[PDB]
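> Line by line, the protein sequences give chains S, B, D, F and Y. Reading the first sequence from the start, the letters are residues 86 to 154 in the entry's author numbering. Reading the second sequence from the start, the letters are residues 23 to 520 in the entry's author numbering. Reading the third sequence from the start, the letters are residues 3 to 468 in the entry's author numbering. Reading the fourth sequence from the start, the letters are residues 3 to 470 in the entry's author numbering. Reading the fifth sequence from the start, the letters are residues 111 to 160 in the entry's author numbering. Every residue, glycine too, gets a C-beta built ideally from N, C-alpha and C.
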Amino acid sequence: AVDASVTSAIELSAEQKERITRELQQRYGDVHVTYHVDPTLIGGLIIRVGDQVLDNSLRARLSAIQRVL
Amino acid sequence: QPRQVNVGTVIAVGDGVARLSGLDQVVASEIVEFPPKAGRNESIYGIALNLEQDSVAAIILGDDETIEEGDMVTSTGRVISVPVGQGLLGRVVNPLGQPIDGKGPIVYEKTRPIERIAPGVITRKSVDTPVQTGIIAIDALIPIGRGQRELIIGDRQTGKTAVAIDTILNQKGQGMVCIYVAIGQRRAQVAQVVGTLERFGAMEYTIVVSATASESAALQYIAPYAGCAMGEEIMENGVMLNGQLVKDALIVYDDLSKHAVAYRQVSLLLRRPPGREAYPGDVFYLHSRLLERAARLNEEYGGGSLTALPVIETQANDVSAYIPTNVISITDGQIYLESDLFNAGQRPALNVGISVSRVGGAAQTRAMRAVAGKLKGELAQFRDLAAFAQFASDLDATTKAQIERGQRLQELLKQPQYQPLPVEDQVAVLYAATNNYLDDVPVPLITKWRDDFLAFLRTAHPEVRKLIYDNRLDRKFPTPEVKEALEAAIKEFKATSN
Amino acid sequence: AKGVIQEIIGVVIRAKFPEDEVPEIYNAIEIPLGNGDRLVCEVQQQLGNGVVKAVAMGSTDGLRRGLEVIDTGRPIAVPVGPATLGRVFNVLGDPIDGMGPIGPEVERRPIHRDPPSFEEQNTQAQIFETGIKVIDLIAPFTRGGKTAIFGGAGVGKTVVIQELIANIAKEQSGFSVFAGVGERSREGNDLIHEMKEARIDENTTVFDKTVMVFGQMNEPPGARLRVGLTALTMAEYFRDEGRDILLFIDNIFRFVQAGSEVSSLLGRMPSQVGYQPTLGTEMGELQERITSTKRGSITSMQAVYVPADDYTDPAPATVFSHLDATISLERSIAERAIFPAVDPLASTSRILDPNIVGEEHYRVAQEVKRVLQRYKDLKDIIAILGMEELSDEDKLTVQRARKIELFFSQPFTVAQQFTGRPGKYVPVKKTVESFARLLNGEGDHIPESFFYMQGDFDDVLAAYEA
Amino acid sequence: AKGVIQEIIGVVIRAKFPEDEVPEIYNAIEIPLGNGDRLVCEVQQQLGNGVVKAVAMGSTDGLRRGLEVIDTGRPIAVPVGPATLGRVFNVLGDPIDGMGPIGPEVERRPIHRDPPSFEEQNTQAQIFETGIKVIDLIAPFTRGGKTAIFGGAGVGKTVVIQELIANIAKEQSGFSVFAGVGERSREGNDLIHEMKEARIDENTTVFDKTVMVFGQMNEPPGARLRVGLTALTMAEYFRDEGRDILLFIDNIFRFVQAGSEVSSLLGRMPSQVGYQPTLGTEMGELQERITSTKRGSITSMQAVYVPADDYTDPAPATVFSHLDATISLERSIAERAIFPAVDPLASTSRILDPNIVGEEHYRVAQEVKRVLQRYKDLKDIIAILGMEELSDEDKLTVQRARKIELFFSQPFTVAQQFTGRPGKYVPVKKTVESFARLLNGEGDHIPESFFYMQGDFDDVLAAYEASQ
Amino acid sequence: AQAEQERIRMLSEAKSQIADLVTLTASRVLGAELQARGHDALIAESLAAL
Ligand SMILES: Nc1ncnc2c1ncn2[C@@H]1O[C@H](COP(=O)(O)OP(=O)(O)OP(=O)(O)O)[C@@H](O)[C@H]1O
Ligand SMILES: Nc1ncnc2c1ncn2[C@@H]1O[C@H](COP(=O)(O)OP(=O)(O)O)[C@@H](O)[C@H]1O
Ligand SMILES: Nc1ncnc2c1ncn2[C@@H]1O[C@H](COP(=O)(O)OP(=O)(O)O)[C@@H](O)[C@H]1O
Ligand SMILES: [Mg+2]
Ligand SMILES: [Mg+2]
């Protein structure tokens with residue numbers, strides 16, 4: 086509900102950062118977003134709000150390597 | 023397929039214990055992931071034991087030095103589980119099942135979960151088939167049957183690991199899949215065990231599950247439950263060994279005292295209330311959970327079995343300590359190894375006077391049952407007559423006769439290392455000893471007499487060995503066909519030699 | 003009457019309820035799982051505002067910190083009736099045999115009940131017919147009184163209890179309740195079921211006439227602690243109906259250990275050597291419901307595992323405080339194949355007095371003890387002296403004592419597995435007659451090994467003449 | 003970086019850091035301390051709100067709360083390489099000898115490294131000749147295998163270690179590393195410097211082939227707690243490049259004791275006798291790095307102090323499973339002036355197997371233990387009643403056992419000050435021959451007084467003949 | 111038997127090697143794929159997708 090976090094490989098999304106900040110009001114209200122780079126992460130989908138997360142950019146790849154191995 | 027996964031933040035990480043803050047809807051023994059971050063390319067799993075309010079203290083299965091405050095953790099819904107199947111035979115693995123021998127990935131298709139309820143109440147069956155340990159003392163006086171829990175308890179260095187490894191080695195063609203779980207054992211010692219098993223070709227039916235001393239207390243805590251899961255799957259589904267479907271498993275817990283110490287460490291770091299000797303309250307519960315899973319399923323449930331051989335070291339032979347008494351109460355038998363007997367030449371070093379096998383005769387071949395009663399009685403009488411042997415000189419040849427015969431039998435049990443004897447061998451030797459055919463042999467030469475008689479029996483007459491082995495299961499073992507051609511061989515050896 | 007789980011630390015669960023609907027002290031909690039299976043947790047402490055600390059009595063490997071909890075209002079209710087007869091239960095009264103569940107029409111009773119009042123105590127004490135010669139003679143078995151089989155390992159405690167159940171179910175018309183307190187699954191499950199489904203009445207089986215409650219060693223400490231009270235409730239139902247009942251508790255030592263574990267897990271301060279503070283009262287709550295009421299009597303036979311030879315250990319000490327008769331098993335006797343390995347000496351009973359058992363019983367039972375105390379001081383002399391005959395009449399006394407010692411052994415019907423001998427039952431009148439005749443002199447002129455495994459002195463004579 | 007001290011509990015310093023710049027678990031944080039010299043603390047536990055708990059590893063008795071703490075961001079890194087040979091180091095790797103500091107170009111390695119994997123373990127083992135009769139016969143040392151000498155206070159652990167160094171540290175075929183943790187700064191070092199600089203293998207002293215880290219008892223708990231790891235980091239570099247390393251760690255028990263003190267200050271719940279709950283884990287972390295791997299071999303030779311004469315104490319109890327050859331020193335034997343003081347019955351070895359050490363060696367050792375056992379069994383019988391009530395063969399075995407007890411005594415080159423006799427180097431073959439002859443019956447006529455402080459059996463025979 | 115066991119172990123080693131190398135080269139492929147044409151709203155669309 087609060088203390089949001091959105092990490093992606095390519096940072097500096099400019100307005101998109103602000104668009105994310107205003108659109109994360111979907112659940113409850115105000116959030117405090119913090120952005121990270123994490124260069125080893127190939128693609129950015131990590132969004133955390135409260136005690137939930139969603140990410141399938143490194144983790145689609147992780148599911149792939151679990152499938153093959 | 024992106025999906026929401028509940029997460030929490032690490033708020034306090036200490037000596038292998040991490041407090042995870044908000045992990046609502048987390049189950050009481052989940053695997054928490056600690057996903058990779060900068061400076062760590064892997065994931066360090068952990069077990070969420072303490073589900074406290076506004077805090078989940080989880081023990082870490084690995085090095086915690088990479089886990090930092092504020093790090094993220096994902097509550098994977100899966101309970102702790104290990105890979106299990108045919109592919110593990112002859113592979114050294116950690117409790118998580120990842121191979122550590124560097125021979126390649128473990129090939130598997132099923133992953134049984136560790137921490138399973140015992141097989142059942144009415145699903146078991148009376149232990150009848152023997153586990154031929156290959157040691158005369160164990161196989162004759164403290165027999166071990168398939169599905170029995172037999173503790174190997176002793177001092178710091180008496181032969182507990184040696185006894186267990188000899189047991190494992192003797193199951194060459196006996197349709198048994200041994201499992202050796204090393205808990206808190208130094209890595210080079212597990213390497214020595216693996217080298218010994220590979221030298222005798224015993225690594226083609228053995229699984230080694232090692233959690234060594236440096237590995238975190240969490241890994242050692244789950245060390246016996248892993249491997250126990252492998253034995254459970256072997257007894258329930260079976261694995262193909264030598265072209266035959268083997269549904270019998272033997273699991274050796276290298277040292278349950280070290281397992282209890284690891285559980286004490288992880289309990290005290292979680293600030294759980296102590297107990298006797300600073301052990302947690304549910305340590306008997308831990309070991310009973312572990313050891314009640316070893317059973318002998320009835321024919322309705324597969325007919326398989328899982329034999330457990332817990333090992334415990336006692337400080338100064340203090341049997342009355344907490345963990346030794348717990349596992350003595352749990353197990354269906356005890357094998358007491360003493361340093362006083364070990365140094366005195368009794369190389370197996372078993373204390374037959376106190377060692378007990380509650381399965382008793384039911385875990386023996388009918389030949390062993392028919393032959394070993396006189397042995398046990400005579401040894402008990404000799405043990406009763408102790409002082410008289412050693413400096414009373416005014417005894418008749420009634421006390422002294424028992425002293426002599428008991429010394430004969432005790433010297434008979436002295437056996438070297440890595441030289442197991444099949445069932446027919448022990449039957450023949452004990453038949454010779456208990457039918458007065460060995461009386462004239464002097465005391466110090468009895469080990470050589472036994473060895474020479476066996477060599478004569480391998481070479482001079484293999485037909486008598488085959489004859490003994492074929493009809494070791496009949497109710498009246500000393501059949502006239504067997505009594506003849508066995509007494510005849512004994513007489514031939516007596517006349518030819520000495 | 004619904005709360006939520008707050009903390010889960012091992013097998014101890016802390017649950018918060020509404021302020022006005024807090025469960026009572028020993029109420030059930032009944033955490034519901036997915037498939038209709040549930041987790042009954044017993045409350046142990048009411049603390050704070052609506053918070054209750056409860057012991058799991060189950061795995062607690064599948065629980066979250068928000069699961070609803072369904073307070074039952076009453077303690078752990080257990081089936082009691084004719085329908086609980088011939089079945090196998092766990093601590094919670096749920097059947098663990100393969101048969102179907104107990105129907106709702108069967109009465110359920112709370113596991114915790116007050117013992118009979120001091121007025122209801124029946125002071126009239128009479129011997130309970132056992133069947134085993136050494137037990138019937140040396141340590142007579144009271145009706146409605148507690149007896150304990152003491153000993154270490156491979157001593158025969160469980161097998162002796164098994165024989166007692168089989169004999170008193172067959173020859174008497176006696177029901178029995180078995181309390182598997184900390185029960186080994188190998189021993190308790192498929193050696194008690196198997197050898198009581200083999201012990202057979204006429205068109206009826208001994209298993210069908212007995213109740214079995216197994217709190218196995220794999221279950222948490224709470225289950226092992228309260229399985230004894232479950233079995234007590236089962237037996238107390240039949241006692242209330244007027245039937246004489248024979249309760250059996252296997253290794254009350256493990257009951258004490260379970261109590262110690264529960265107390266340690268609950269945060270109570272340790273007492274003596276780490277044991278629970280509520281040791282004596284925990285044992286009393288169990289041992290005082292076993293007594294002879296005017297209407298009926300629960301006769302009990304407890305097994306006690308003494309570590310090493312330490313009788314100062316808390317479990318044997320508390321039992322001894324709560325006992326009427328004591329039976330001591332020795333490994334030395336057992337290793338000589340005297341398989342009912344009771345030690346005649348160091349096996350006492352308060353019933354063994356002239357008034358209760360009888361003048362002849364007391365005389366013939368006190369002679370054997372003396373005769374045998376003489377042999378303990380002369381077995382060893384004949385060992386050292388190398389001279390059996392250097393004895394004016396102590397050579398006769400030694401022979402008679404050896405015959406007596408061999409005579410105490412008896413083939414058990416439940417031991418047909420071990421030795422393959424039919425089980426012989428010996429009434430107490432036959433026991434006193436046999437030992438009186440042996441002491442008279444009839445036992446002479448018969449060599450040893452004819453007294454080895456025989457029921458009566460008549461059986462010994464029949465074996466001799468043949 | 004740039005934290006502040008919150009609390010100062012003994013040598014455990016609690017420091018608060020910025021929320022996003024907290025140190026890792028084993029980073030080394032520094033208090034400036036003024037005067038141009040710093041106090042290096044090692045983090046142990048990350049508490050809440052950037053709060054960490056660090057072990058001082060120094061005096062920490064003149065520093066206030068709120069003092070600045072600087073996070074180095076890396077664990078305690080110590081120099082490694084040939085530059086460390088012939089030098090003497092602190093727990094921190096700072097040299098404490100008169101020579102100059104180690105230059106920046108020398109590689110620095112963390113002291114907290116993972117031990118070798120299971121695949122890297124070296125199972126090969128062969129006898130290591132020491133020249134000491136009781137050690138070479140009853141518990142033969144392994145080349146590349148861990149061994150430890152257990153003993154109380156007065157018994158001769160350090161003298162055994164010193165004689166061992168004087169015996170085997172000349173023919174090294176490699177380098178060596180010494181680690182006197184929590185040991186006396188008198189004998190533990192600065193008296194071993196004298197002998198290590200006095201010994202000259204070949205134009206170079208034994209000291210010139212030795213790395214040396216002390217962390218003596220005078221030091222606070224942190225130094226004694228991490229000096230073992232510093233020494234192991236020094237030795238591991240040489241092991242990894244193939245050089246055979248001799249590792250002498252002194253009183254591993256003070257490592258465990260310093261761990262216990264630090265744990266008590268850290269707020270952990272005590273385990274057993276006031277010991278840290280993480281006793282086994284710390285012990286394993288130290289000892290699994292003491293291993294001979296495939297790349298190279300470490301011939302470790304430890305010493306262990308048992309509280310008083312207690313052998314069931316948790317520290318030696320955890321040590322016993324971490325060894326290939328165990329040696330037990332008894333107070334009673336030392337009080338009898340049988341100063342090597344090794345108890346043959348309580349001393350064992352893994353390579354006491356006829357395939358490795360030889361069939362005759364194994365037979366003689368096992369017979370010398372059987373005979374020793376017989377005497378321990380008859381000890382009380384002899385004590386109260388007397389020697390005459392035993393049978394003839396029991397009497398003979400008792401006399402032979404007493405002769406064997408006296409014969410394990412051996413003068414040492416380093417112990418020449420106590421016993422005036424010069425030191426004797428007895429090869430293992432001569433030890434086996436001597437004890438085989440003693441058991442065979444030879445030397446029965448000799449009084450037991452002539453087996454005291456002698457070399458091989460030939461010296462005993464010569465002494466008897468000189469006495470006629 | 112041991113020769114065949116080592117043969118299948120080598121096969122498993124090779125399968126693991128090729129499976130891991132597939133991903134290790136796909137890392138370069140996807141990194142360069144996102145390097146040049148990294149201006150895709152699909153990412154942001156996935157962020158808002160939930
Ligand atoms: N017949 C024998 N049986 C057992 N051990 C023997 C025998 N003969 C020699 N030994 C030696 O005795 C020692 C037995 O110890 P082992 O390695 O089996 O472990 P342990 O006594 O259980 O103790 P730990 O593993 O804690 O050191 C080994 O040195 C073994 O080589
Ligand atoms: N007739 C008998 N009565 C009792 N025990 C017997 C008898 N015959 C053999 N035994 C031995 O007793 C064992 C059972 O011991 P048990 O009484 O179950 O446990 P405990 O050691 O606690 O008394 C059997 O497996 C066997 O070894
Ligand atoms: N070979 C020996 N000859 C004579 N005395 C010895 C010998 N070895 C040890 N000692 C005695 O042991 C004492 C030193 O013991 P030490 O090695 O310092 O043990 P610790 O280090 O445990 O104190 C000396 O006083 C000395 O008398
Ligand atoms: Mg071992
Ligand atoms: Mg029992």
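Looking at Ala248 (chain B) and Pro135 (chain B), is the spacing between their C-beta atoms short of 8 Å?
Cβ atoms of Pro135 (chain B) and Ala248 (chain B): not closer than 8 Å.
> Checking 8 Å against the spacing of the C-beta atoms, do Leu69 (chain F) and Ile33 (chain F) come in under that value?
Contact: yes.
> Distance cutoff 8 Å, beta carbons only. Does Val91 (chain S) sit that close to anything in chain B?
Not closer than 8 Å to any Cβ of chain B, the Cβ of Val91 (chain S) fails to qualify, so no.
> Please check the pair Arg145 (chain D) and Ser299 (chain D), which I expect to be a contact at CB under 8 Å, by giving their CB distance rounded to whole angstroms.
With 8 Å as the limit, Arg145 (chain D) and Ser299 (chain D) qualify as a contact, their Cβ atoms being about 6 Å apart.
> For a contact meaning CB atoms closer than 7 Å, what does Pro127 (chain B) contact in chain Y?
Within 7 Å Cβ-Cβ: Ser122, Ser126.
> As a quick exercise: from D:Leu288, D:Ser266, D:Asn51, D:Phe257, pick the residue whose alpha carbon is nearest that of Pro279 (chain D).
For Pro279 (chain D), the nearest C-alpha among the options comes from D:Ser266.
> Where do the ends of the alpha helix (DSSP H) carrying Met94 (chain B) lie?
That residue, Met94 (chain B), is in no alpha helix (DSSP H); its beta strand (DSSP E) goes 94-101.
> Taking only three categories from DSSP, how would you classify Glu122 (chain F)?
Helix.
> What are the boundary residues of the alpha helix (DSSP H) that includes residue 2 (chain D)?
The structure shown does not extend to residue 2 (chain D), since chain D is modelled only from 3 through 468, so no value can be given for it.
> Give me the subset of the region 362-385 of chain B whose CB atoms are less than 8 Å from a CB atom of chain F, sorted by chain position.
Correct list: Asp362, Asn365, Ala366, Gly367.
> Give a yes or no on whether the C-beta atoms belonging to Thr151 (chain B) and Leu319 (chain B) are separated by under 8 Å.
Not closer than 8 Å, so no.
> For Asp46 (chain B), would you say it is in contact with chain D, using Cβ-to-Cβ distances shorter than 8 Å as the test?
It does: the Cβ of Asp46 (chain B) has a partner Cβ on chain D nearer than 8 Å.
> What's the gap between the Cα of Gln456 (chain D) and the Cα of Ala464 (chain D)?
C-alpha separation (whole angstroms): 10 Å.
> Check each candidate in F:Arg270, F:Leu49, F:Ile134 and name the one with the smallest Cα separation from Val430 (chain F).
When only C-alpha atoms are compared, the closest one is F:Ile134.
> Name the residue from F:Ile384, F:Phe240, F:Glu284 whose alpha carbon lies nearest to the alpha carbon of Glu109 (chain F).
Minimum Cα distance to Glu109 (chain F) is reached at F:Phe240.
> Please list the residues of the region 98-114 of chain S that have a C-beta atom closer than 7 Å to any C-beta atom in chain Y, keeping them in chain order.
Within the region 98-114 of chain S, the residues whose Cβ lies closer than 7 Å to some Cβ of chain Y are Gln101, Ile105, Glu108, listed in chain order.
> When a residue counts only if its C-beta is closer than 5 Å to some heavy atom of ligand 1, which residues count, in chain order?
Counting every residue whose Cβ lies closer than 5 Å to a heavy atom of ligand 1, we get B:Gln179, B:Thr180, B:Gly181, B:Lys182, B:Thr183, B:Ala184, B:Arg369, B:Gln439.
> Compare the beta carbon distance of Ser379 (chain B) and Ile164 (chain B) with 8 Å and say whether it is the shorter of the two.
Contact: yes.
> Quick one, which residues of the region 413-433 of chain F are near chain B if we go by CB-CB under 9 Å, in chain order?
For the region 413-433 of chain F, which is checked against every Cβ of chain B, not one residue is closer than 9 Å.
> What residue from F:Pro117, F:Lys159, F:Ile7 has the CA that sits closest to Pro342 (chain F)'s CA?
Of the candidates F:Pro117, F:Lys159, F:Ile7, the one whose C-alpha sits nearest the C-alpha of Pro342 (chain F) is F:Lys159.
> Counting only beta-carbon separations shorter than 8 Å, does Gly124 (chain B) have a partner in chain S?
Not closer than 8 Å to any Cβ of chain S, the Cβ of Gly124 (chain B) fails to qualify, so no.
> Could you tell me the alpha carbon to alpha carbon distance between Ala79 (chain F) and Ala58 (chain F), rounded to whole angstroms?
For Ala79 (chain F) and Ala58 (chain F), the distance between alpha carbons rounds to 16 Å.
> Spell out whether any CB of chain B is found under 8 Å from the CB atom of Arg119 (chain Y).
It does: the Cβ of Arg119 (chain Y) has a partner Cβ on chain B nearer than 8 Å.
> At a threshold of 7 Å, does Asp188 (chain B) count as lining ligand 7 (C-beta to nearest heavy atom)?
Summarising the ligand content, the structure contains ligand 1, ligand 2, ligand 3, ligand 4 and ligand 5 and does not contain ligand 7.
> Any heavy atom of ligand 5 closer than 7 Å to the beta-carbon of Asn220 (chain D)?
No, the beta carbon of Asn220 (chain D) sits no closer than 7 Å to any heavy atom of ligand 5.
> Can you give me, in chain order, the residues of the region 203-231 of chain D that have a beta carbon less than 7 Å from any beta carbon in chain B?
Listed by position along the chain: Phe216, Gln218, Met219, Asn220, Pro222, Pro223.
> Indicate whether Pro121 (chain B) and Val114 (chain B) have their beta-carbon atoms separated by less than 8 Å.
Cβ atoms of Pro121 (chain B) and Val114 (chain B): closer than 8 Å.
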